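Note sheet for the following structure.
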Amino acid sequence: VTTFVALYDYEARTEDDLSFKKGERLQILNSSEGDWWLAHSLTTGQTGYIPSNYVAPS
């Protein structure tokens, strides 16, 4: 729905988290959980939760 870029590498901290590298383009699919957003990585094709402060708008 909106595209962001990852600011830092992130290793998943739950089984439902997305792992991603700095610079990945991430589509934000849901943001209702505040500091944790559901994202889809356009760079890798994977999906999961991310920390909202790890991304900035493209």
Side-chain angles (χ1 to χ4, degrees), residues 2-58:
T2 58
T3 304
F4 283 65
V5 61
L7 297 170
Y8 326 110
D9 294 346
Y10 181 72
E11 296 172 28
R13 291 178 55 80
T14 78
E15 295 283 70
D16 297 328
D17 284 13
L18 177 64
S19 292
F20 57 89
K21 302 294 189 171
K22 179 177 180 187
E24 290 190 27
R25 293 178 76 242
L26 304 181
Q27 287 185 333
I28 305 308
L29 305 177
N30 192 282
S31 63
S32 70
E33 299 181 54
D35 290 335
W36 288 274
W37 292 351
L38 182 67
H40 175 64
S41 174
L42 298 171
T43 305
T44 69
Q46 294 166 8
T47 303
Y49 283 108
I50 67 167
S52 63
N53 68 330
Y54 270 52
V55 291
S58 288

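We count residues from 1, following the sequence as given. For the numbers below, each heavy atom of this structure counts, side chains included, while hydrogens, waters and symmetry mates do not.
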Where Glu24 and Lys21 come nearest, the two heavy atoms and their spacing: OE2-N, 2.9 Å
Qualifying residues under side chain to side chain contact (heavy atoms under 4.5 Å, CB included), relative to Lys22, sequence neighbours excluded: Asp9
Candidates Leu18, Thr2, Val5 - the one meeting side chain to side chain contact (heavy atoms under 4.5 Å, CB included) with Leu26: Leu18
Non-neighbouring partners of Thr44 that pass side-chain hydrogen bond (donor to acceptor under 3.5 Å, both in side chains), sequence neighbours left out: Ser41
Inter- and intrachain pairs under ring-ring contact (aromatic ring centres under 6.0 Å, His included), touching residues 27-53, at least two apart: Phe4-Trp37
Co-members of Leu42 in a cluster of I, L, V, M, F, W and Y side chains, linked at under 4.5 Å: none
Exercise: identify the closest heavy-atom pair between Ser19 and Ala12: OG-N, 2.9 Å
Only pairs under 3.5 Å count here: list side-chain donor-acceptor contacts from residues 50-58, not counting sequence neighbours, and write none if there are none.
{"from": "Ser52", "atom 1": "OG", "to": "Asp35", "atom 2": "O", "distance (Å)": "3.3"}

CG on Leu38 to CG on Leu29, rounded to 0.5 Å: 4.5 Å
Results of side chain to side chain contact (heavy atoms under 4.5 Å, CB included) for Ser32 - residues two or more places apart only: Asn30
